[PDB]
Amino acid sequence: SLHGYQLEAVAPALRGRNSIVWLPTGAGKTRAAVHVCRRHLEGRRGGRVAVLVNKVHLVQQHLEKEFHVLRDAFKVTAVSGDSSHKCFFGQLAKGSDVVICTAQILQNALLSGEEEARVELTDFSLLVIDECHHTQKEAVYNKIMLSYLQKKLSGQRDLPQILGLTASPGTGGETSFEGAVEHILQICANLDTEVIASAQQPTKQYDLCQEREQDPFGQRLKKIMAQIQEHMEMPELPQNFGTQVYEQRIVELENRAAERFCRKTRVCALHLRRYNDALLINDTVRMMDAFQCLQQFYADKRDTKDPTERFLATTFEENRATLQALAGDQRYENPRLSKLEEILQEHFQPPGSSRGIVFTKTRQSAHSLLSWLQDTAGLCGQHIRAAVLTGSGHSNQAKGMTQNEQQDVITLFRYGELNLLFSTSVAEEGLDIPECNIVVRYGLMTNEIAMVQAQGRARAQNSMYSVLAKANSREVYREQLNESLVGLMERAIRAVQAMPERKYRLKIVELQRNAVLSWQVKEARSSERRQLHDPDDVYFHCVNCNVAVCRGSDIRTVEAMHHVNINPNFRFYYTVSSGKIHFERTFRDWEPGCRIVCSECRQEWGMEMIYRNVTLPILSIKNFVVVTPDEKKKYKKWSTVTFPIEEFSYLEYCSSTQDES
């Protein structure tokens, strides 16, 4: 049965008041919400609840661990990206008493032009927003709630009650009391909160490592980078190799070289980014991980004419064997990994006692840590059974994990079939593993919310939380600051809870008005930008070889995301460059075909979309330079281009191609 503090925290929600339930990590906010939902549905006819989450895995978790109990009396349905294609959301939701989904599923339905796929906010009488601290800025939670505010302020009746759940509203980067209070008020405004409802041990250790005394591998990479920069014959080139600033500056240089079609500079900049990437890997995991980064990059090359590429290939080849030999030398081991080994050795003896998550920033790092573990003699024999856990992010450096793949790892971790995960931020919030008693945060730079949340995955009574970071580093400073900011957040929330009602209400009104006005202004500005140029006056150039390949007027959008070229002669500019792509996820109206490349230079451009009975090429914006009358620009997003793009019409497209045959 519910704890006293659970009953106390939901008392406002039971009375119908919009609220945020502020309870610590692991305190049982979900069960409290289920109780609210049961009483809500019992207390009226025709009620309907939406439960919004921010991570695919939490749909299944909340259903199977908490919300399924409602099925004694009510119909409960769950939807995530994997199951999206199976039903029209409108039909599914309307046939349910409770629907649990990732928030973007609901947002898509709110925006839909299809009768059967569409819902309105007024189709729900209660919205439960899990991890509601994400309801800010342009996060999907806030896109939904901004619409709610627009409707509320316009006088709409029968908007749903709001129940937000969070352990950590945060301070939003504010370090003053006044700033932190303002942030809390902003959260409250965004969620249309009437009351923040709250209640009326673990140990933490800093496992600090030192910089490697001797890093010949890194030293050699830096010496190659200097040689490459000399070859570029340019003044004021950055010298700060192996930093995030260098990474930014070298990519910005690549962008400028694309925009001005300086091939030599661009190619050199491309390679330097890879060397910098290797330095960053070298600092995070093993030398051999960094080596493999570079080796793979240069292996996938073939013999070419381009004198620049030949210089760069020769340069790597001259250093390759030395780099690999160094990478196999235990003398130059990463102290971060030495420290991690110490932690695991201490806590996973005797074998199978501990149940741990090691959080790392990137998917690639998680995979490298698993590989490192499997290859560390000092850990083999301690019956550590480990696996990687990531979300469904994807890049050429690392694929993601499907909902199903994630679920397999989580289920085996829950009762100790696996006893250690190497995880990204996919599992920093929400994941409930009662037996988890160790969290290590490996060299992370995050806000205080992520710190609190990740720590909170260790549910067990006698849990430990380890910060594994470089001594004297910004990472250590930020951890310490974040600890203080948690305290500041608490003080700010208390102050808001104690505010006089009249003052609170007026402040919320002022903030909600500001939010809905600011949105209108932003939308007007965005529209003005996208109407600057006639699409006929915009030309796309291949980013690699600078050949012109189409005009803006050749492009249409599918599902407001996928930019297809509908010109029947575009086929003479691109080549199909792969066998058929397969995705685990199925979509309603299309599936990928093959990858496509520039016919001149083989630069990757995008992929085919098999949309119903036609095949069209999708272009990724990052593979082009966009040329207008005013400038040449390499865009990383379509959303900021300076010309309008019409929606694809399948009917019109079919009619048009039939006339040509």
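For every residue, the number given is its place in the sequence shown, counted from 1.
Participant: Are coordinates for residue 271 absent from at least a third of the other PDB entries that model its neighbours?
Facilitator: No.
Participant: For residue 360, does the count of other compared entries lacking it reach at least a third?
Facilitator: No, modelled in all of them.
Participant: What number of residues from the deposited sequence go unmodelled in the gap from residue 396 to residue 397, classed as none, 1 to 3, 4 to 9, or 10 or more?
Facilitator: According to the record, the chain runs unbroken from residue 396 to residue 397.
Participant: If you average the Cα B factors in the entry, which is higher, 220 to 228 or 438 to 446?
Facilitator: Higher of the two, by average CA B-factor, is 220 to 228.
Participant: Per the PDB record, is the mean Cα temperature factor higher over 593 to 601 or over 26 to 34?
Facilitator: Mean B over CA atoms: larger for 593 to 601.
Participant: Could you say which of 355, 478, 71, 494 has its CA atom at the highest B factor, as listed in the PDB entry?
Facilitator: That would be 71.
Participant: Tell me which of 192, 554, 510, 116 tops the list for C-alpha B factor in the record.
Facilitator: 116 has the highest C-alpha B-factor of those listed.
Participant: Pull the Cα B-factor of residue 21 out of the PDB entry and bin it into the chain's lowest, middle or highest third.
Facilitator: Answer is lowest: the recorded C-alpha B-factor places it there.
Participant: Residue 254: which third of its chain by C-alpha temperature factor?
Facilitator: According to the entry, residue 254 has a C-alpha B-factor in the chain's middle third.
Participant: Would you mind ranking residue 170 by its C-alpha B-factor against the rest of the chain and naming the third, lowest, middle or highest?
Facilitator: Ranked within chain, residue 170 CA B lands in the lowest tercile.
Participant: Could you tell me which third, lowest, middle or highest, the C-alpha B-factor of residue 579 occupies within its chain?
Facilitator: As the PDB entry reports it, the C-alpha B-factor of residue 579 lands in the highest third of its chain.
Participant: Just say lowest, middle or highest third for the CA B-factor of residue 371 relative to the other modelled residues in its chain.
Facilitator: Answer is lowest: the recorded C-alpha B-factor places it there.
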